[PDB]
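To start, the structure itself, in structure tokens.
Number of protein chains: 2
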Amino acid sequence: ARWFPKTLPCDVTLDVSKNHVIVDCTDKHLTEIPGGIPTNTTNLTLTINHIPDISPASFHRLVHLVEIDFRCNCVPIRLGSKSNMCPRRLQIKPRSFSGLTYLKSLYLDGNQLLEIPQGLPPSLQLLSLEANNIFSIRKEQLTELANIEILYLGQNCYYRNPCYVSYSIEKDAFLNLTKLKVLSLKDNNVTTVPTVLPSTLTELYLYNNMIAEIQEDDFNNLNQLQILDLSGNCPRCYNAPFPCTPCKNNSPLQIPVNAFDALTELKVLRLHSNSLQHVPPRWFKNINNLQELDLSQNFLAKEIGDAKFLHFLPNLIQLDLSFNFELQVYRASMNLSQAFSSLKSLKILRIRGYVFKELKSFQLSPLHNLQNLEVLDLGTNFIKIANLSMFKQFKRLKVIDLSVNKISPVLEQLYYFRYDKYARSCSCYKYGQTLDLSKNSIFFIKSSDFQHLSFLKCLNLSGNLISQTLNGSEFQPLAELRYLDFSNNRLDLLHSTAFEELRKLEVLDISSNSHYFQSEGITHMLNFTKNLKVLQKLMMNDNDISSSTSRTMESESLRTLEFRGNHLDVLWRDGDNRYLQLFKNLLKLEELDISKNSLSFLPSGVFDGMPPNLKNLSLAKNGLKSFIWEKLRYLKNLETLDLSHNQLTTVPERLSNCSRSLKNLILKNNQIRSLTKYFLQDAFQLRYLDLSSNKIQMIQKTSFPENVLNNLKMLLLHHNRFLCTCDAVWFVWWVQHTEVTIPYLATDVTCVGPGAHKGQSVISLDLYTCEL
Amino acid sequence: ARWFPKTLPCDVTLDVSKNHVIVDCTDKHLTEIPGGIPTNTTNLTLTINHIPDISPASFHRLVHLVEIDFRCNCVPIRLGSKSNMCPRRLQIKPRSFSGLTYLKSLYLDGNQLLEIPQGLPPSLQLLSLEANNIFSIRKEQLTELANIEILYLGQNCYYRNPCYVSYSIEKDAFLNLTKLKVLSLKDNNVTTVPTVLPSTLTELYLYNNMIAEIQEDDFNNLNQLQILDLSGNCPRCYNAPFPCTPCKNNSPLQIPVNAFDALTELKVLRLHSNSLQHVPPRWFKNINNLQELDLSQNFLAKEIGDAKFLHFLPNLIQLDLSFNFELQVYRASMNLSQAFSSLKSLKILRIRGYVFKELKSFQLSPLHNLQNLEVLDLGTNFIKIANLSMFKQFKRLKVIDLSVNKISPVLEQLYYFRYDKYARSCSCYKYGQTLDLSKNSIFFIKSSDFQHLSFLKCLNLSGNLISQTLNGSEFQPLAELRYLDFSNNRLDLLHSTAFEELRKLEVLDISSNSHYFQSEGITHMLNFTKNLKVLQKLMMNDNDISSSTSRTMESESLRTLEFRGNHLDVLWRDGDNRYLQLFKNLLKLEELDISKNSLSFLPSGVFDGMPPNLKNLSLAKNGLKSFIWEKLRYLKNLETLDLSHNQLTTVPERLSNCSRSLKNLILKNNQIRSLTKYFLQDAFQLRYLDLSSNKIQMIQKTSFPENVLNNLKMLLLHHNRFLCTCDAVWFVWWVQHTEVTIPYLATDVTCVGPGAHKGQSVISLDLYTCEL
Ligand SMILES: *[C@@H]1O[C@H](CO)[C@@H](O[C@@H]2O[C@H](CO)[C@@H](O[C@@H]3O[C@H](CO)[C@@H](O)[C@H](O)[C@@H]3O)[C@H](O)[C@H]2NC(C)=O)[C@H](O)[C@H]1NC(C)=O
Ligand SMILES: *[C@@H]1O[C@H](CO)[C@@H](O[C@@H]2O[C@H](CO)[C@@H](O[C@@H]3O[C@H](CO)[C@@H](O)[C@H](O)[C@@H]3O)[C@H](O)[C@H]2NC(C)=O)[C@H](O)[C@H]1NC(C)=O
Ligand SMILES: *[C@@H]1O[C@H](CO)[C@@H](O[C@@H]2O[C@H](CO)[C@@H](O)[C@H](O)[C@H]2NC(C)=O)[C@H](O)[C@H]1NC(C)=O
Ligand SMILES: COCCOc1nc(N)c2[nH]c(=O)n(Cc3cccnc3)c2n1
Ligand SMILES: COCCOc1nc(N)c2[nH]c(=O)n(Cc3cccnc3)c2n1
Ligand SMILES: *[C@@H]1O[C@H](CO)[C@@H](O)[C@H](O)[C@H]1NC(C)=O
Ligand SMILES: *[C@@H]1O[C@H](CO)[C@@H](O)[C@H](O)[C@H]1NC(C)=O
Ligand SMILES: *[C@@H]1O[C@H](CO)[C@@H](O)[C@H](O)[C@H]1NC(C)=O
Ligand SMILES: *[C@@H]1O[C@H](CO)[C@@H](O)[C@H](O)[C@H]1NC(C)=O
Ligand SMILES: *[C@@H]1O[C@H](CO)[C@@H](O)[C@H](O)[C@H]1NC(C)=O
Ligand SMILES: *[C@@H]1O[C@H](CO)[C@@H](O)[C@H](O)[C@H]1NC(C)=O
Ligand SMILES: *[C@@H]1O[C@H](CO)[C@@H](O)[C@H](O)[C@H]1NC(C)=O
Ligand SMILES: *[C@@H]1O[C@H](CO)[C@@H](O)[C@H](O)[C@H]1NC(C)=O
Ligand SMILES: *[C@@H]1O[C@H](CO)[C@@H](O)[C@H](O)[C@H]1NC(C)=O
Ligand SMILES: *[C@@H]1O[C@H](CO)[C@@H](O)[C@H](O)[C@H]1NC(C)=O
Ligand SMILES: *[C@@H]1O[C@H](CO)[C@@H](O)[C@H](O)[C@H]1NC(C)=O
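Residue numbers (the deposited numbering), protein chains in the order written: chain A, 27 to 435, 459 to 475, 490 to 835; chain B, 27 to 435, 459 to 475, 490 to 835.
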């Protein structure tokens, strides 16, 4: 099927449309650029390898290169592996790039470079040197970069990669770079805005530096600028989870009132962590087009009650005023200026970390006529009291977020508090209007709590204290609710009428409600499913369920059930027939996850008792030691079977004789030592087979007939114990010459023996000695 | 040191005191009795093996045998392994035991025997045949057993091991067994008390059977009987987690009022799950000696309010009235008869599962003058209200257990609800008075809640909802408290004055309080430790701690700190110096557990920052990929180092050069392929080394000097990848001939190669071919 075996340890791809030949050698444990890279190669990635030098030899033949990604072949000591520390900085010999006449992008981040590589081609539009040790920019070193448009110089002098001096930039160093659009000098220990900058800039990044003061003419020429970020100059250092040095005298970043006058094109201004106490209106006099403004992590509590600057921002889309609270203060209420009412275009308003006791309807009144408001985020406020019915005046919003509060009767997990949330390394919103009440102190709920909230489509109660015997009378107003997250509560299923009032509920998550399921001889009515007539998906993961008062769960509607991390091993105790039909009457059930249920065996009757339309079944992570494959005959619509992370030692004698329907078979991380003689014979329906991370030594043609193999979308064999004797000749040949996709042929499909070939990739194996 | 190597795959022991020669071959995957068992052998255990027959060959030479334990060499289908099902019942050929003239004990449980083995010696005092398929007892088959004293016949016909008929016992079958003390017929599908039974019985077990009626003369002769168990005849089957058939018409076990009249010696009567509605006083008329009475899992709610029978039990020590609640009733209060006051000797009273709303002081007044009462257990009652101050009238008690209740302002997990709680397979109490409030609905605490409980030594608040910013004012009355379990709450460490009122606190568990540590940019004062002047032990496991407002924890008292399952990897982010002395000022700290903290490496500064008296350090389960062993020089009092379950690939060149103090080194479950040339040279302090579950191939003499080996209490090498070539000659000899204790030389110290010796124990290896 292939005349010449692909032997290069890099994935290769044609996007013939854009004459792109893409060679990806990301993380292949290489110490040399591999031989025999295609001449027509356009994009070459050599990221995360241990290649110690670049020379004219490196790219000699590859003249059609438009991109070289050579990131992290020597990452700074503190950012990189400590088990494989890079010994010495990447060596770049002269004339290494001057050849590459079509080169448009060059990434040399995280290689401990001391200086900007010279002799670069004039075609270059983008050059990235983040996380090197370049902390002085001279005009002379930048002349090569005439046609440059995007320049990343950040992370060259900061706490993870220290240089122990101030960043230095020569006067007018970037001025003659007349096509420069994006300049990033973030995380560099910079002390003044470099001037003069080319007027051609669209984006300027100066955050996480030691800039104390903005000169009034620092941004005078930048009349094309759209994004400016001055964040984390004079940072607010309270509970900073990085080392943090504030400007002395508790001073803020000092910004002349007329500093932004030139920036008529500005769309995004970021002044996060600048220790601001006031926001002068005068800043925003000649910027009417500002859309995104970040004023998070300042000291603007008082200002939020005033905020005259808001009158000048009628086009603003996003406003962030999060974490402005005064240290040592627990305000009684949120004091929002009337000025908020002048934010005609506002779609998103975030004010986390204001920190106040009580939210009352009136206090949100400035927001009442903001027609386009879509998100209100009042998370992490330690609010103790909130009549949720106030949100009746907010039907128009997509999300009301009261997450992480103390109420009782998306973003990255570390978003506001991480150092560089945009650092490069080496959900129920879609159902409609969402009230996120997660991680609060709600211990008791009743119908009136939700009075006037009929419009809600998703309600997130995850992470509360609800410890109550729901009888179908608690959620009565929520006649439109489609999704309920009840995870991390203490559901008590005394009554099978639980949740039945939610007449349109499509998704119910009662995962991690193990409290009442963890105790012996308490009633649990798992048959509560019957009343929920439109329920598509039920999650009851990690409930530690080992007893049930009802013998059968029933739904005419339910399609997916996650039952992971329970104790079906106890319910199906060998000899106890009573629960072998627990899922049988879930008639439309298509997907069942019963992984992590300690099922070391399956009692007979388990497969017979499965509902008749089951398609996707997980029995992963069960410590299964044995498995009657023949019983798969009962599962007449089975498509996907996940037996990953078990202790199976064998496969069936004939898989076609086990199931006619089975497409996707996952057997990874088992103890399988050898295949049956005619394993896959006549199994024409099979499309995906994972046998990775087993202990297979031989694979003969009888077990792996070609007329089954050649229909496989994918076939995983890596991390086995392959013996490369002459007996293995068919398999070695077949691997080397097959079209079928087999991940990790470079990295992890390898001979353990005999002696001679130990550690050697089978892709590379010369077995001519078997043919003399 | 040893002239003749022990090759036998069984532990062997001399207890010279009791002329015992003890050969334990428990679970050695044997298919034959091994050769070369000592002639002087007295106790031979061959439990859990696959030995398919016994014959006169079996025990030929072993005439001094007093005990043969041969349990579970063929366990019934539903009780045993499904990966290694026993094919065929154990075969006992004639005259197999008749030789063994001193044989006093024979255990043949779980071997699928069809009949009572004949030709047994007349010395036999104990015979166990549990979990075979013997369900008809005939007088003739029992004549061999004249001198028998203890006879276990249970579990031969029940749901896990069915026989599909009634158990049958011939009239007077056991009568001529004139020395019989203990007869167990539990779990046998018995239909009537077998009569007549020898008067010589001390203990009779008939529980879990189909006995519907006791005839009034069924126990007439048994005037030496001490224990009687009739439990689970006519069971209460509500929430039963085994298959359960009740007597028709919900009838009870019917017991003539005079059924116990002969039993003047009875000490323990067990009537668990007999569906009793009334407890006739007349039962206890001629039993003044009764000490333990189990009336759990009946229908005795009403009776508890009356209970005239109690007046006849002034010697009773233990009373169990648990799980007597009426189905579908939630009583308002617990109605305890005054009669309880006549239980002069009572030490333990359990009434779980009465199921009531409100507990008031007066309701316990019958118990007020029970001088010897030590334990009151009112767990699993769904109590919503209890003025804890009522327990001021109970300072004499050791434990007050309100575990698993719904209060707000040891025993097996499956104790009352498992089938046979005495089925054979193949804590802060010691501090003083304990109030267990675990798994309740307490969301808020304040001082007055504990008014008049100054006498408490331990308080268990584990598993509540406490979600509050403890400021030192919540526990003020608990002046004597020594132990607090605050695990599985939601501790908010806003204030470093948390817990400071508990001035005599020696142990504080704040484990699994991860809630407020899981959210970003919240204050956490870990330095709260400073105020607790006598605190010996702090547990703050699984708190998912990745940030702290304080840079140092401090204590002059603290000796043990468990910090397992947190994120020190984030606090010690490479480049962040601020938390490297987090434990330094815990001056008396001797033990630190920082396992499960995702520490793939240890930043420099960590060992320098450890407190000066650290003795016992765990870094287990961290995914450590590297380790600077030299840094152990900073830990000048280190005795135990646990590096188990990591990814270390190398040991130090010389361990003596790394620490002078180190006694116990645990390296198990790592990736170590070889030892350094002089690894253990001059390591005179070393006493315990575990190198098990690594990938070691060779061990040369240089690495393992004899003057270090011969001080080792224990040395673990099992589950490595030992190569048994001629190069391995020293190691093989040394293993075979050393005194040093090396567990699993039989089971798991094994050659992987070469070809010839694959799978072979190194203990057994003959390498004379390397000496010709
Ligand atoms: C960012 O730039 C600043 C300064 O522009 C760097 O701070 C400087 O760092 C060095 C070494 O940390 C300090 O020098 C020291 O002086 C003392 C004498 O008191 C001497 O004992 C030391 O051995 C060393 O020579 C220098 O004073 C300090 N300057 C200031 C104003 O703090 C900083 O390290 C740079 N940041 C990064 C992350 O590279
Ligand atoms: C304990 O003993 C009882 C009675 O001594 C056994 O119950 C009996 O079980 C047998 C076998 O299942 C039943 O006979 C069968 O009847 C069905 C009709 O239902 C027939 O089609 C079968 O071919 C067979 O002949 C019998 O119904 C039943 N008797 C009673 C009174 O329930 C029971 O099996 C024993 N339990 C255990 C765990 O050994
Ligand atoms: C191959 O290299 C080219 C050149 O660096 C990449 O082209 C850029 O793609 C980005 C994002 O997809 C565009 O917005 C830029 O405008 C492109 N620049 C130029 C000059 O062409 C291309 O993405 C690379 N592809 C792969 C798969 O590596
Ligand atoms: C002690 O066991 C009784 C079992 O009944 C049981 N199971 C729950 N999950 C229960 N949850 C619960 O509140 N109760 C109290 C109750 C009991 C009866 C009627 N009404 C309320 C619960 N009782
Ligand atoms: C989001 O920033 C809030 C400051 O940190 C913080 N951390 C807790 N664990 C806190 N827990 C808490 O109740 N608050 C609010 C508060 C503040 C001041 C005085 N009393 C209460 C908390 N505030
Ligand atoms: C709200 O804010 C303004 C300005 O900071 C203040 O003067 C006013 O009194 C505040 N009102 C309340 C109720 O806090
Ligand atoms: C509910 O909130 C939790 C915790 O904040 C979050 O992890 C979960 O995804 C949310 N649920 C949905 C359905 O959005
Ligand atoms: C669930 O099972 C119980 C127990 O028999 C029954 O009373 C109840 O009506 C069932 N509930 C539903 C909603 O099907
Ligand atoms: C050895 O057998 C005797 C008689 O059965 C018994 O009393 C003793 O417990 C046994 N000892 C051990 C430790 O096996
Ligand atoms: C308690 O129960 C007994 C028996 O049911 C009844 O006779 C008695 O009157 C009850 N007493 C109280 C105080 O409820
Ligand atoms: C609880 O009883 C105590 C003393 O036994 C009394 O001081 C107190 O008022 C009672 N408290 C409540 C809340 O019932
Ligand atoms: C407190 O109760 C829990 C379970 O209810 C138990 O695991 C724990 O050990 C108890 N605490 C102590 C200190 O014994
Ligand atoms: C601690 O909290 C209690 C109850 O909320 C309060 O009465 C007390 O004064 C607080 N202590 C301090 C120092 O604020
Ligand atoms: C803990 O740290 C804080 C903040 O530095 C300090 O104010 C507080 O008093 C310290 N507490 C103790 C008990 O040392
Ligand atoms: C060391 O600490 C572990 C962790 O609990 C403990 O189990 C072990 O006994 C300790 N050993 C010594 C000798 O201190
Ligand atoms: C380690 O070895 C060298 C040479 O023996 C010696 O100078 C040094 O003091 C040693 N360190 C310790 C802790 O013994």
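Heads up, the beta-carbon is just placed ideally off N, CA and C, and yes, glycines get one too.
- Rounded to whole angstroms, the separation of the alpha carbons of B:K758 and B:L738 is 10 Å.
- The Cβ-Cβ distance between B:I529 and B:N503 does not fall below 8 Å.
- Contact check between the stretch 146-155 of chain B and the stretch 63-74 of chain B: fewer than three CB pairs, one atom from each, fall below 8 Å, which does not count as touching.
- Shortest Cα-Cα distance from A:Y465 to any of A:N324, A:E58 and A:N173 involves A:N324.
- For B:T832, the secondary structure class from DSSP, reduced to helix, strand or coil, is helix.
- Apart from sequence neighbours up to five positions away, the residues of its chain that approach B:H515 with a beta-carbon distance below 6 Å are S415 and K418, ordered along the chain.
- The C-beta of A:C833 has fewer than 16 other C-beta atoms within 10 Å across all chains shown, which makes the residue exposed.
- At least 8 Å separates the beta-carbon of A:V459 from that of A:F408.
- Distance from the C-beta of A:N774 to the nearest heavy atom of ligand 2 is not below 7 Å.
- For B:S559, no CB of chain A lies under 8 Å from its own CB, so it is not counted at the interface with that chain.
- Counting along the chain, A:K600 sits inside the beta strand (DSSP E) bounded by residues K600 to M602.
- The beta carbon of B:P666 sits closer than 6 Å to those of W635 and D637, all from its chain and outside the five residues before and after it, given in chain order.
- For A:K108, the chain B residues whose C-beta falls within less than 9 Å of its own C-beta are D637, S663, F664, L665, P666, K688 and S689, listed in chain order.
- The three-state secondary structure of B:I826, taken from DSSP, is helix.
- A heavy atom of ligand 2 is found nearer than 7 Å to the CB of B:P188.
- DSSP places B:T406 outside both helix and strand once states are collapsed to three, so it counts as coil.
- The beta-carbon of A:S530 is placed less than 8 Å from the nearest beta-carbon of chain B.
- Of the candidates A:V795, A:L701 and A:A199, the residue whose Cα lies closest to the Cα of A:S162 is A:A199.
- Minimum Cα-Cα distance from B:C189 among the listed residues B:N300, B:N214, B:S210 and B:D811 corresponds to B:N214.
- About 6 Å separates the beta carbons of B:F123 and B:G145, which is inside the 8 Å limit, making them a contact pair.
- Using beta-carbon distances, B:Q462 counts as an interface residue toward chain A, with a partner under 8 Å.
- For A:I253, the enclosing beta strand (DSSP E) has its first and last residue at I253 to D255.
- Between ligand 8 and the CB of A:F591, the shortest heavy atom gap is smaller than 7 Å.
- When B:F338, B:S756, B:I762 and B:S719 are compared, the shortest CA-CA separation from B:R750 is found for B:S719.
- The set of residues whose C-beta lies within less than 5 Å of a heavy atom of ligand 10 reads, in chain order, B:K328, B:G331, B:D332 and B:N361.
- Distances from the CA of A:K596 to each of A:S301, A:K651 and A:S577 were compared; the closest alpha carbon is that of A:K651.
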